[PDB]
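**Student:** Residue numbers (PDB author numbering), protein chains in the order written: chain G, 31 to 66; chain S, 1 to 122, 135 to 248; chain H, 19 to 206, 213 to 236; chain B, 29 to 340; chain R, 2 to 317; chain L, 21 to 50, 55 to 239; chain A, 4 to 229, 242 to 287, 294 to 354.
Ideal placement from N, C-alpha and C gives every residue a C-beta, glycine not left out.
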Amino acid sequence: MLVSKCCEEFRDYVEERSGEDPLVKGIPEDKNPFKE
Amino acid sequence: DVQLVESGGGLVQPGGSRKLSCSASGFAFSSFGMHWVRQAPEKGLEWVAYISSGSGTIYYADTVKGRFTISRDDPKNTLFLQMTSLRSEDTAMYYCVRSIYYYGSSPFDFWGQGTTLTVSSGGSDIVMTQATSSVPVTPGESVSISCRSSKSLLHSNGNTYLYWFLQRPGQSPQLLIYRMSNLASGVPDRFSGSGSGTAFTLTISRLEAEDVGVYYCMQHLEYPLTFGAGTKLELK
Amino acid sequence: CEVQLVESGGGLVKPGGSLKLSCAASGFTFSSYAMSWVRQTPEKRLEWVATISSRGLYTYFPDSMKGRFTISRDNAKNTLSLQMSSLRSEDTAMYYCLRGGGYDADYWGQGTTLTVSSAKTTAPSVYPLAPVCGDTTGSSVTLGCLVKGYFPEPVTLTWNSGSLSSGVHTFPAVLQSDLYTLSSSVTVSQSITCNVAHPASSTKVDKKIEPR
Amino acid sequence: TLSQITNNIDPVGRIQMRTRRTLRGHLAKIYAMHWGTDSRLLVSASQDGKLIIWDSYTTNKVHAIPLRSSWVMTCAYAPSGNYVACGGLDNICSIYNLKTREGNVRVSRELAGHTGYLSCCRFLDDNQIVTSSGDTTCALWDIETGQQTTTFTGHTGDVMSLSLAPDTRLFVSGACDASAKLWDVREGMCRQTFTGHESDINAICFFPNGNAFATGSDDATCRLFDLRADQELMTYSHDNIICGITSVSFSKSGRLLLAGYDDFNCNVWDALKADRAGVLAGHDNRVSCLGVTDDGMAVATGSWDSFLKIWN
Amino acid sequence: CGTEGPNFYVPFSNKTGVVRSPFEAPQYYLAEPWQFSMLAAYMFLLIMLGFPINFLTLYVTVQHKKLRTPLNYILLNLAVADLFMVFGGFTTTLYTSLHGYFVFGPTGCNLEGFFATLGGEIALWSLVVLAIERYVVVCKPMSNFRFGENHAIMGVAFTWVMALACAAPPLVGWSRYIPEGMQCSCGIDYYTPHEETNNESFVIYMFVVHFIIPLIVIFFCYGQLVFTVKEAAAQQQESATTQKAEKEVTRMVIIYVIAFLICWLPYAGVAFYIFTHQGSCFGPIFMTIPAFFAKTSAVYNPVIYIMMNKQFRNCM
Amino acid sequence: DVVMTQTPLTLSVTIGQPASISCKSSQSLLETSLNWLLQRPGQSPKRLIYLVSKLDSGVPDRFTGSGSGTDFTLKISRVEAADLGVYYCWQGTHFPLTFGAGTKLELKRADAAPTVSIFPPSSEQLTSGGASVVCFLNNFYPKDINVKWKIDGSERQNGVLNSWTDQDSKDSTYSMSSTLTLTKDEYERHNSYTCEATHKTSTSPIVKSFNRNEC
Amino acid sequence: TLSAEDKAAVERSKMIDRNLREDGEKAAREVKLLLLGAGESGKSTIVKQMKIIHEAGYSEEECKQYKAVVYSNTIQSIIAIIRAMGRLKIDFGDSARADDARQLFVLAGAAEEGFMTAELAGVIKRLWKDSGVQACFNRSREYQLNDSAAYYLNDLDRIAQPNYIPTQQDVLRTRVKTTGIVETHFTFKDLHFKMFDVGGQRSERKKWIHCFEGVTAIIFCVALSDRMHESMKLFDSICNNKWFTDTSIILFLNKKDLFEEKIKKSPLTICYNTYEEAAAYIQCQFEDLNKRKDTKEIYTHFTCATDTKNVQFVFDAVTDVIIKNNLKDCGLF
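1. Per the DSSP calculation, residue 195 of chain A is bridged to which residue(s)?
2. Whole alpha helix (DSSP H) runs in the stretch 170–231 of chain L with 4 or more residues, listed along the chain?
3. Is it the case that the Cβ atoms of residue 130 of chain B and residue 2 of chain S are separated by a distance below 9 Å?
4. Applying the 10 Å Cβ sphere with the 16-neighbour rule, what's the burial state of residue 179 of chain S?
5. Contact check, residue 291 of chain R vs residue 31 of chain R under 8 Å by CB: the rounded distance?
6. By DSSP's criteria, residue 222 of chain H is part of a beta bridge. Which residues make up the other side?
7. Measure the C-alpha to C-alpha separation of residue 38 of chain R and residue 235 of chain R and round it to an integer number of angstroms.
8. Could you check the C-alpha separation between residue 294 of chain B and residue 133 of chain B for me, to the nearest Å?
9. In whole angstroms, give me the CA-to-CA distance for residue 173 of chain H and residue 60 of chain H.
10. Under DSSP, the beta strand (DSSP E) around residue 134 of chain A begins and ends at which residues?
11. Verify whether the separation of the beta carbon atoms of residue 337 of chain B and residue 308 of chain B is less than 9 Å.
12. Got a sec? Which residues, its chain only, sit under 7 Å from residue 299 of chain A by beta carbon, not counting five neighbours each side?
13. Check whether the Cβ atoms of residue 192 of chain H and residue 160 of chain H lie closer than 9 Å to each other.
14. How would you list, in chain order, the residues of chain B whose beta-carbon sits under 8 Å from the beta-carbon of residue 27 of chain S?
15. Throw me the rounded Cβ distance for the residue 111 of chain R and residue 10 of chain R pair, which I believe falls under 8 Å.
16. Report buried or exposed for residue 212 of chain A, applying the criterion of at least 16 other Cβ atoms within 10 angstroms of its Cβ.
17. Taking 9 Å as the CB-CB cut-off, is residue 60 of chain G touching chain B?
18. Rounding to the nearest angstrom, what Cα-Cα distance links residue 127 of chain R and residue 78 of chain R in this structure?
19. Comparing the C-beta of residue 225 of chain B with each C-beta of chain A, is any distance below 9 Å?
20. Could you tell me whether the Cβ atoms of residue 216 of chain L and residue 186 of chain L are closer together than 9 Å?
21. Count the other C-beta atoms from every protein chain shown that fall within 10 angstroms of the C-beta of residue 80 of chain A, then say buried if there are 16 or more, exposed otherwise.
22. Thinking residue 95 of chain R and residue 13 of chain R are a contact (beta carbons under 8 Å), I'd like their distance in whole angstroms, please.
23. Could you round the C-beta distance between residue 119 of chain B and residue 146 of chain B to whole angstroms and report it? I think they count as a contact, below 8 Å.
24. When the distance is taken between beta carbons, is residue 33 of chain S closer than 9 Å to residue 99 of chain S?
25. Could you work out which residues of chain A lie near residue 78 of chain S, taking near to mean beta carbons separated by less than 8 Å?
26. Taking the alpha-carbon positions, what's the residue 192 of chain B to residue 219 of chain B distance?
27. My guess is that residue 200 of chain A and residue 47 of chain A are in contact by the Cβ rule of under 8 Å, so how many angstroms apart are they, rounded?
28. Does residue 18 of chain A come within less than 9 Å of chain S when only Cβ atoms are used?
29. Tell me, please, whether the CB atom of residue 98 of chain H is closer than 9 Å to any CB atom in chain A?
30. In whole angstroms, what separates the C-alpha of residue 204 of chain A from that of residue 223 of chain A?
31. Out of B:107, B:244, B:121, which one is the CA nearest neighbour of residue 224 of chain B?
32. Report, in whole angstroms, the separation of the C-beta atoms of residue 189 of chain B and residue 148 of chain B, which I expect to be a contact under 8 Å.
33. Considering only DSSP beta bridges, list what residue 65 of chain H is partnered with.
34. For residue 100 of chain L, which option in L:73, L:82, L:118 has the closest C-alpha, if you only look at C-alpha atoms?
35. If you drop the 5 nearest sequence neighbours on each side, which residues of the same chain put their C-beta closer than 6 Å to that of residue 316 of chain R?
36. How about the stretch 264–273 of chain R and the stretch 152–159 of chain R: do they share at least three Cβ pairs that are nearer than 8 Å?
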């Protein structure tokens, strides 16, 4: 079991996570409790 | 083991003065806010006064400001009530109530046995309405009591500040629901609460014997704290 | 801690009557340990009587029976007393006194049996039973004597003044109309007479096996 | 290797995270932190003998508990939020109930039996907790009854820190024999052992599916190890970085690897492309610890400079 | 002796009719234009030394945030103070001495006198507070104290309190700000009488609170500090670095004291000789020696405490 | 004052496997202050288990106290001769003795052959105008057995009076004398009176009959 | 302004905060002394004997810090006894003690360390004298009860006196066995000292650079009479390690009697006559091991008991180091 298969699983898990990550997608401040 | 023992009650002539005491044990007395709630003879509960932990914050009912003094002796774990200009309308059962405030806390979670005061002869607040004063029920059935407020109890922070209490006949009140959806410790899972904004419902499934009493909803969004008139569940 | 408790005073009593049951306490200090009373019906249901503290500071009675049966204690002579009143036939039970409460119920006494019935010392009703029929498959026939309407309970059944006891099977008395129904049968020229006797009062009724 | 596999995909580019809160009140070095499962509460440990739990949303201290012994090296939050586990040079793991037990302290259990310092601990549920100690052993304790009920032996040197699998049925440990060992919690034994670092291994964390993990070492490299392929997949080392690594954590997608360096910086690496994606600065001393909320919304960093920073 | 005015006093007899208003004529009859040439050039010199140094200090503090410690607050205070001396003093004096007479009116006279005295007092009490802080920290007299950023802030505020408590009263009517010397520079009227403003009581208050007390405090504090350091060096006779530190600290304390004496004993001696020898009269030529010594502190307080500080030589 | 009930009355369990007696609880008064009291036949009831782990005097150690939520468990690997008798479960936190239905704990034995006989009514009883047709059935247990009265092909259940033994002194079975107590008029209305014992694991019922022609 | 009910949570946070500030003021003044060694069969035991012989110990003032621990032990014991009295339903031999028992719960608010009026003492003596309390206590084997219950209760007079000084057995029972902090807080020249005896040698550095740093002073014990060259090489590596660059090294050359006999009969050349040349040679070999720093300020003392020129030396070195480190961060040098 070679590397590219495990790397495809790491990709396909990373990929549809931008809509949850507030960093790579970034975040609007009304959609975030980090207002001061 | 949490204990609250009120004393100092009795019959007093109007215009007189009276100091009530509430003795706390088995918990960090100085860490709790404290409230006074009273109940006129054949009437519901009405909140009277609040003193924060540390005495930094004090609230009075309008009918009592100027006349009543709330105080605490935290080192001696003792609560005081200095009364003056006692009126006939002050006649009530008086409960001392502990209330700790922090993220996720359960205010109003322990009540004393209460002390009775009898006085001899001689608006902006949110109104909560329980239009049905009593309901006949039979064991095993399921009931739903409703209450509504003239203003939304849902706050801009997302919380809806609604509490349900039960006073069975002859006993001190017991917390049922805190913050609209949290089940109080010791309460059976046959109770559940729901609602939206200005209209709310408490539902019991397979109503049992012990379920009989008066059910009050209450808002803790802002002071003065205010109760509903109460809805009684009678057996058929 | 071998606790010595003797229950006594139970016996014949009429419904609604009064009696003074005694628990003699020995082998332990009376006034420093709590005491309790329990009563049991033969019908497998319990009937708990009382619990009193070591010196009587706390005493609790069952919700069903509070105020009817009363407990007291004599600390100087080390004796527990139980006064008995407002009796009904259901109170027919044997009583045990215990040291402490159920929280420390380590030993139980032998108990004394108190039977509630308005009947006095009455002669047992003696009825011969010797049908020799339908037993054509077996080798021996069963004879018997029926002890009916009899009280105090039990009243012993013997054959020829206690001479015969082998192979004898006795049915436990069934109570109807406050009178007991028992039958004792043995499967077996000599005089065959069932003597139904209460040796304590020597109350004896002799009935010979003769159709009449 | 993942690095030579992902070369074709586009880089992440400008990762500009900002400090949204500064939590003040500690008066000495912070040695540990742990996110609660609500991604809001956190616990921090300081040599002032206090363990403080903060509500990160309002900037309120929920509790500051004064500890009887100040020589703490590890602490843990039960996933239920009901318990913490605080260690010390006393070789004892003290358990504190944060939710059902009303108020302040009494200790219900002191887990005693290790013969060296408690180096790490992680709760499974309100029942069972896995711990490591300088005595070269690891142990699963039944806290209620107080006995070491399971024991994981086979390391030949001091055990440094531990990481629970996402389902909490397995755990992996890293030690100063420069090895990590995978242990079966319920079977009480080591399935596999991975060596290769020449250094003590100071840090360990998991890919979110529990199928891979990353290590951080004093040998100035980080390495990614795969369980099912049973070997190292990648090394992360600038040639001019010779200092130790103190801490690692994944972003919600696993894409970001945050690492603290003796050089006073917290570099944020693209875990897929091995490029540094961003930097966490603002500290006057080594970043000693960090963590990502389970929901991914925020990262906390803790430092030898006595400060914590919250980023998003 | 001098030409008495309401808002001014020119130390030059009008019996000849030559004297004029300090708001009016170029005072080229007090001294030949060469004297004002050197005056202006020297003022430009001190501008082109003070602002370089004083701005660069701030810039460096901005660049390196490691220096933002409570102990360093008072040197930032010094920098600010000296920028006041640069702008409130030298530039507006320049634009008047270039002409011979004070252009901006009595309100510009008040602004100059005020801002000058304010800066000088901020510097004075900044040095007093730094010595007091170091005394408390090292000698530990109370031995139950901590001294945090809060105390440094209170110290700075107190320095601003005293500076205003000195520079502002001449703006409302207790003594007065008037053109002194060549009448291009405005300052306190310590040299004439004026019963409306109670000059005697004001001068005595000034002489005692903003001179006598600072000197007493500095002498006492450094004396106790030197006693402590000498004693410490005494116990570890074989510890080389403590004996070296002893010698260096004593060197530095003496430098500090001599700098302060150089800075203020001119004014002290002049005012005292005015006080006891009332029968006398001096003109601008002799009246600008103390002004010289005071203005030049804008250079060598930054030198002695910022350039010479061994934590700042490493930024150069 | 709710009662706490033990279930079942009799727990027959296979050898080796855990045997569970479930006490269903009345009130939440919880320490673990629950007690099992046992009466053995011929002996005063004795407290057996108190405070979950504290053994009382004279009590077998094989009892195990356990449970979950609101239900409690008495676990025994094998019910033995000391375990036969009436058990009551009571919470020792609060009084009185909660009167449970009691576990009549004893091991279920193999089916035994009943001794069954029929008896005509006595002449002296007929003198009083009554007739009692008797059927003796000894050593018949467990309940997988029925005593049926048959008259002229029709099942009869009315007029039946039972005199039953207690738990028998030999094998603890059931033994009953079952009598059709009727008027002599109804006794003479019919000819054959029969008692039949029908058994579950035995295919052959026992028939005891009598008629006026054959006694 | 979403302050609703919350301005009570805020109030709590500021109240905890004032407390946090107060603990901090007390802290930081401690002088921490670390006893190390044990890297052999008995090194730290030699260190302990060196502490006993040359650093005294067991004063009245340190004993005074154990009063609250004694009281706390006493309190859990008496509460356990009282609750068991309530649990078994045992009544007083005299009903007037029922009032005492009520008073007992009231007077149990007197838990103000060291307020030992005759009235409280008499209340405890009377409760302890009650026959129901003695009856429960002698059956303590039926529940859980500290074995020291009788020990403390029978000696309450001596322990509760305000001049009470804990004995060695009292201290040893306070659960300070094994490892085990080994602590004392004696007072000297108005300074509160804290000394900690730990071990770890040749290789335990990773755990105490990991926890010991910023500490006030190290007490480094050396066995003077100590493949021998690989051991010397290891010692060179630890003592001279770069991670210990900014730590002052203080040397207690201990076991000087054994060292003096050993150098008398076993020559120093094993490692690399009279005392002076061999001691100077050892100093030269050790001091040459630095090679990277301008100075270390090592304070070497030649010691006899604690009643000789030793206590002054230790307090002098602590004071000069604190002073020099206070001047190090004031712009001066």
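**Tutor:** This is what the structure gives:
1. Residue numbering aside, residue 195 of chain A sits at position 192 when the seventh sequence is read from its first letter. Answer by DSSP bridge pairing, in chain order: A:190.
2. 208–213
3. Working through the fourth sequence from its first residue, we reach residue 130 of chain B at position 102. Working through the second sequence from its first residue, we reach residue 2 of chain S at position 2. Yes, Cβ-Cβ distance for residue 130 of chain B and residue 2 of chain S is below 9 Å.
4. Position 167 of the second sequence, counted from the first residue, corresponds to residue 179 of chain S. It counts as buried.
5. Working through the fifth sequence from its first residue, we reach residue 291 of chain R at position 290. Working through the fifth sequence from its first residue, we reach residue 31 of chain R at position 30. Residue 291 of chain R to residue 31 of chain R, Cβ: 18 Å. No contact.
6. Residue numbering aside, residue 222 of chain H sits at position 198 when the third sequence is read from its first letter. H:227, per the DSSP bridge assignment.
7. The residue you call residue 38 of chain R lines up with position 37 of the fifth sequence. The residue you call residue 235 of chain R lines up with position 234 of the fifth sequence. Each residue's Cα considered, the two are about 56 Å apart.
8. Here residue 294 of chain B corresponds to residue number 266 of the fourth sequence, with the count starting at 1. Here residue 133 of chain B corresponds to residue number 105 of the fourth sequence, with the count starting at 1. Approximately 35 Å, taken between the alpha carbons.
9. Position 155 of the third sequence holds residue 173 of chain H. Position 42 of the third sequence holds residue 60 of chain H. Each residue's alpha carbon lies about 17 Å from the other.
10. Along the seventh sequence, read from residue 1 onward, the residue named residue 134 of chain A stands at position 131. Taken as a continuous stretch (DSSP letters only), residue 134 of chain A belongs to no beta strand (DSSP E), being part of the alpha helix (DSSP H) at 134–140.
11. The sequence position of residue 337 of chain B within the fourth sequence is 309, counting from 1. The sequence position of residue 308 of chain B within the fourth sequence is 280, counting from 1. A contact, by the Cβ cut-off of 9 Å.
12. Taking the first residue of the seventh sequence as 1, we reach residue 299 of chain A at position 278. Counting only Cβ-Cβ distances below 7 Å, and skipping sequence neighbours, we find 278, 283.
13. In the third sequence, the residue the question calls residue 192 of chain H occupies position 174. In the third sequence, the residue the question calls residue 160 of chain H occupies position 142. Going by C-beta atoms, residue 192 of chain H is not nearer than 9 Å to residue 160 of chain H.
14. Translated into the one-based positions of the second sequence, residue 27 of chain S becomes position 27. Near residue 27 of chain S (Cβ distances below 8 Å), the residues of chain B are 130, 131.
15. Translated into positions along the fifth sequence, residue 111 of chain R becomes position 110. Translated into positions along the fifth sequence, residue 10 of chain R becomes position 9. About 16 Å separates the two Cβ atoms, so there is no contact after all.
16. Locating residue 212 of chain A in the seventh sequence gives position 209, where the first residue counts as 1. Exposed, since its Cβ has fewer than 16 Cβ neighbours within 10 Å.
17. Reading the first sequence from its first residue, position 30 is the one you call residue 60 of chain G. By this cut-off, residue 60 of chain G is not an interface position.
18. By one-based count along the fifth sequence, residue 127 of chain R stands at place 126. By one-based count along the fifth sequence, residue 78 of chain R stands at place 77. So the alpha carbons of these two residues sit roughly 7 Å apart.
19. Sequence index remark: in the fourth sequence, residue 225 of chain B carries index 197 (1-based). So, not an interface residue.
20. Here the question's residue 216 of chain L lines up with position 192 in the sixth sequence. Here the question's residue 186 of chain L lines up with position 162 in the sixth sequence. Not closer than 9 Å, so no.
21. To locate residue 80 of chain A, count along the seventh sequence from 1; it is residue 77. That one is buried.
22. On the fifth sequence, residue 95 of chain R is found 94 positions in, with the first residue counted as 1. On the fifth sequence, residue 13 of chain R is found 12 positions in, with the first residue counted as 1. Not confirmed; about 22 Å, so no contact.
23. In the fourth sequence, the residue the question calls residue 119 of chain B occupies position 91. In the fourth sequence, the residue the question calls residue 146 of chain B occupies position 118. Confirmed, Cβ separation roughly 6 Å.
24. In the second sequence, residue 99 of chain S corresponds to position 99, counting from 1. In the second sequence, residue 33 of chain S corresponds to position 33, counting from 1. It is a contact, given that the beta carbons lie within the stated cut-off.
25. Numbered from 1 along the second sequence, position 78 holds the residue referred to as residue 78 of chain S. Near residue 78 of chain S there are no residues of chain A at all, since even the closest Cβ is about 11 Å away, more than 8 Å.
26. By one-based count along the fourth sequence, residue 192 of chain B stands at place 164. By one-based count along the fourth sequence, residue 219 of chain B stands at place 191. Residue 192 of chain B and residue 219 of chain B: Cα-Cα distance of roughly 15 Å.
27. Looking up residue 200 of chain A in the seventh sequence gives position 197. Looking up residue 47 of chain A in the seventh sequence gives position 44. Right, the Cβ-Cβ distance comes to about 7 Å (below 8 Å), so this counts as a contact.
28. Mapped onto the seventh sequence, residue 18 of chain A falls at position 15. Yes, residue 18 of chain A counts as interfacial toward chain S.
29. Counting from 1 along the third sequence, the entry for residue 98 of chain H is found at position 80. No, its Cβ sits nowhere closer than 9 Å to a Cβ of chain A.
30. Counted from its first residue, the seventh sequence places residue 204 of chain A at position 201. Counted from its first residue, the seventh sequence places residue 223 of chain A at position 220. So the alpha carbons of these two residues sit roughly 11 Å apart.
31. Counted from its first residue, the fourth sequence places residue 224 of chain B at position 196. Residue B:244 is the option with its Cα nearest to residue 224 of chain B.
32. Counted from its first residue, the fourth sequence places residue 189 of chain B at position 161. Counted from its first residue, the fourth sequence places residue 148 of chain B at position 120. Yes, residue 189 of chain B and residue 148 of chain B are in contact; Cβ-Cβ is about 4 Å, under 8 Å.
33. Taking the third sequence and counting its residues from 1, the one referred to as residue 65 of chain H is at position 47. Per DSSP, H:57.
34. For the purposes of this step, residue 100 of chain L is identified with residue 76 of the sixth sequence, where counting begins at 1. It is L:73.
35. Translated into positions along the fifth sequence, residue 316 of chain R becomes position 315. Only 61 meet the Cβ criterion.
36. no
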